[PDB]
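Asker: Would you mind keeping the following structure in view while I ask a few things?
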There are 2 protein chains.
Amino acid sequence: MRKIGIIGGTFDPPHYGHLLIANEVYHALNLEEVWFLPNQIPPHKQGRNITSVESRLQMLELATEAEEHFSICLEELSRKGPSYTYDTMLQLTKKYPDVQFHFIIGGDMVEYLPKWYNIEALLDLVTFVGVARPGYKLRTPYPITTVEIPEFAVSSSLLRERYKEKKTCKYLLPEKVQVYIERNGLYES
Amino acid sequence: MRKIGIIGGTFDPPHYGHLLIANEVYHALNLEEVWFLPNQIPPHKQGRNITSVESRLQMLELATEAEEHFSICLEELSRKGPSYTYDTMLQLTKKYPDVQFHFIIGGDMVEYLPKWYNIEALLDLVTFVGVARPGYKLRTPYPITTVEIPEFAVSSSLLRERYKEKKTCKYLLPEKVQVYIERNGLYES
Ligand SMILES: Nc1c(C(=O)Nc2cccc(F)c2)sc2nc(-c3cccs3)ccc12
Ligand SMILES: [Ca+2]
Ligand SMILES: [Ca+2]
Ligand SMILES: [Ca+2]
């Protein structure tokens, strides 16, 4: 009966956009906590740069360390290459039979839910939480919860480009993440 | 091989945002045509409304009628249930052996490509075209083509809330589609 949120992604890098979404859902739905679920990234086909699991995990640590109700879930990182959400949620529900998982997704992704691997069985494992801007209404045959979220146009691709151009990203992600990015020379070609 | 774009989605309703994306990719990559690929929607779990196949197809016709280089592909819509993209593209590849398919996806979708059903096999059937805001880049282990398109922010979920509130959506989607929506009482739920 414990209400726990799940927010998945590569977190490459983690930013205030992610934290804002996790916080809003935590508060809207009265969750006990939100788990950040870092995805595996397959090796690059052409051997080009991917952000190491080590780096993504430490940025997540730094991003969430000051937040009481945010935790990191290592389930997806703990085996294989990438996992279907079904596979991950199967293991978490078996592992935490007392938890009601609330799986947070962007509004734009809602229309594509019928294409998710093994969707019908996943619907028995999680409650989906669709996030949408004020003024936006989500539509789906599936029983999802909608949460309205403020606009802050920060994205990982934005931040990556700023670091490439040796610009600062003050005010866009936690200070400690920024220091890590700068010290490890991340995202600079 | 003929270069053909694929833009998939529920188009519920189709609007200027979709046409802008298709058109930009069409011009950027010198495609012969862009085929809009309407998805199937499973029946509502709680007996509520989904927009019919008939309605979605006719809005799509009205949205694309003026453009020679825009067509509608019925591969998914003619089926009884939803299709994985891999299964659709395998059939299309089979049916059109001289076509190189360019599969258009939103920038936000790129991060989650490793979770798509049969992604490795699908990579051998299509070239993905990711849409980035101008000056921004997409990060993925997969070989993808990037097309820059401004984020125009018009969305189906905005238009639907507007129709529920009994507003017009003039200047946000083709005139003909707005008429069809109003005349048929779509999006009032
Ligand atoms: N299979 C998935 C998606 C998908 O099929 N998208 C899509 C996008 C454009 C056209 C299309 F046919 C499908 S979006 C998505 N998001 C996720 C997420 C994982 C964690 C947060 S969202 C997992 C799987 C998929
Ligand atoms: Ca730097
Ligand atoms: Ca009406
Ligand atoms: Ca009515």
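Asker: What ranking do A:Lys3, B:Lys170 get, fewest neighbouring Cβ atoms within 10 angstrom at the top?
Answerer: Ordered by Cβ neighbours within 10 Å, fewest first: B:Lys170, A:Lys3.
Asker: Hand me the tally of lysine pairs in the range A:92-189: alpha carbons under 22 angstrom apart, and the pair either on different chains or 8 or more positions apart.
Answerer: So the count of such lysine pairs works out to 4.
Asker: Something else: 7 Å along Cα→Cβ for the label point: how many nanometres lie between A:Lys94 and each equivalent label in the other copies, listed shortest first?
Answerer: 3.4
Asker: Now for a different question. State the residue of chain A whose Cβ is nearest the axis carrying A onto B, and the distance in whole angstrom.
Answerer: That would be A:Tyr117, 2.
Asker: Mind listing the long-range amide H neighbours of B:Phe103? Cut-off is under 5 Å, sequence gap 5 or more, other chains count too, H placed in the peptide plane at 1.01 Å from N.
Answerer: For B:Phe103, the qualifying residues are B:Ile6, B:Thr127, B:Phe128, B:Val129.
Asker: Once the label point is placed 7 Å from Cα along Cβ, list for A:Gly106 the distances to the corresponding points in the other copies, in nm, shortest first.
Answerer: For A:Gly106, the inter-copy label distances come out at 0.6 nm.
Asker: Give me a comma-separated list of calculated 3J(HN,Hα) values for the range B:119-127, in order, Karplus coefficients 6.51, -1.76, 1.60 applied at θ = phi - 60°, integers in Hz, x for any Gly or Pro.
Answerer: 4, 4, 5, 5, 4, 7, 9, 9, 9
Asker: Tell me, what is the percent relative contact order of chain A, built from C-alpha pairs under 8 Å that lie six or more residues apart?
Answerer: Reported as a whole number, the value is 26 percent.
Asker: Another question, then. Let me know the volume per residue of the alpha-carbon convex hull for the range B:1-47, in Å³.
Answerer: In the range B:1-47, the Cα convex hull volume per residue is 73 Å³.
Asker: For the pair B:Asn184 and B:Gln91, what calculated FRET efficiency results from E = 1/(1 + (r/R0)^6), where r is the Cβ-Cβ distance and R0 = 22 Å, to the nearest 0.05?
Answerer: After rounding to 0.05, the efficiency reads 0.10.
Asker: Placing unit charges on C-beta atoms (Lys and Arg positive, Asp and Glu negative, everything else neutral), compute the dipole magnitude of chain A about its Cα centre in debye, rounded to 20.
Answerer: Dipole about the Cα centre, nearest 20: 560 debye.
Asker: Just report the Cα centroid separation between the range B:1-64 and the range A:52-94, whole Å.
Answerer: Here the answer is 34 Å between Cα centres.
Asker: While we're looking at this one, here's another question. Relative to the longest principal axis of the C-alpha atoms of chain A, give the angle of the C-alpha long axis of helix A:85-95, reported between 0 and 90° and rounded to the nearest 10°.
Answerer: Taking the Cα atoms of chain A, the angle to A:85-95 is about 70 degrees.
Asker: Suppose you put the label 7 Å out from Cα in the Cβ direction; list, shortest first and in nm with one decimal, how far B:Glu165 is from each other copy's label.
Answerer: Sorted ascending, the copy-to-copy spacings read 3.4 nm.
Asker: Also: Check each of the GluC sites (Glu not before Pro) in the range A:24-118 and keep only those in coil by DSSP with at most 16 other C-beta atoms within 10 angstrom; list them in order.
Answerer: A:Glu32, A:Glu65, A:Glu67, A:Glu68
Asker: Residue separation times 0.36 nm, minus the C-alpha to C-alpha distance between A:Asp124 and A:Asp98: what's the value?
Answerer: 7.9 nm
Asker: Sort largest first and round to whole Å: the equivalent ellipsoid semi-axes of chain A, each the square root of five times a Cα gyration tensor eigenvalue.
Answerer: 27, 19, 17
Asker: A follow-up question, please. May I ask for the distance between the Cα centers of the range B:124-150 and the range B:156-189, given as a whole number of Å?
Answerer: Measuring centre to centre over Cα atoms gives 31 Å.
Asker: If one takes the longest principal axis of the Cα atoms in chain A, at what angle in degrees, from 0 to 90 and to the nearest 10, does the Cα axis of helix A:16-28 lie?
Answerer: Tilt relative to chain A: about 30 degrees.
Asker: Note the angle between two axes, namely the Cα long axis of helix A:53-64 and the longest principal axis of the Cα atoms of chain A, as a number of degrees from 0 to 90, rounded to the nearest 10.
Answerer: That works out to roughly 80 degrees.
Asker: Here's a follow-up. What's the magnitude of the charge dipole for the protein assembly as shown around its Cα centre, counting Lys and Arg as +1 and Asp and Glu as -1 at the beta-carbon? Answer in Debye, nearest 20.
Answerer: It comes to approximately 60 debye.
Asker: First measure r as the distance between the Cβ atoms of A:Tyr171 and A:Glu33, then evaluate 1/(1 + (r/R0)^6) with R0 = 22 Å and state the FRET efficiency to the nearest 0.05.
Answerer: So, using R0 = 22 Å, E works out to roughly 0.30.
Rule-based calculations on the coordinates, nothing more; no lab input. Cβ: placed from backbone, ideal geometry, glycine included. Neighbour counts: every protein chain shown.
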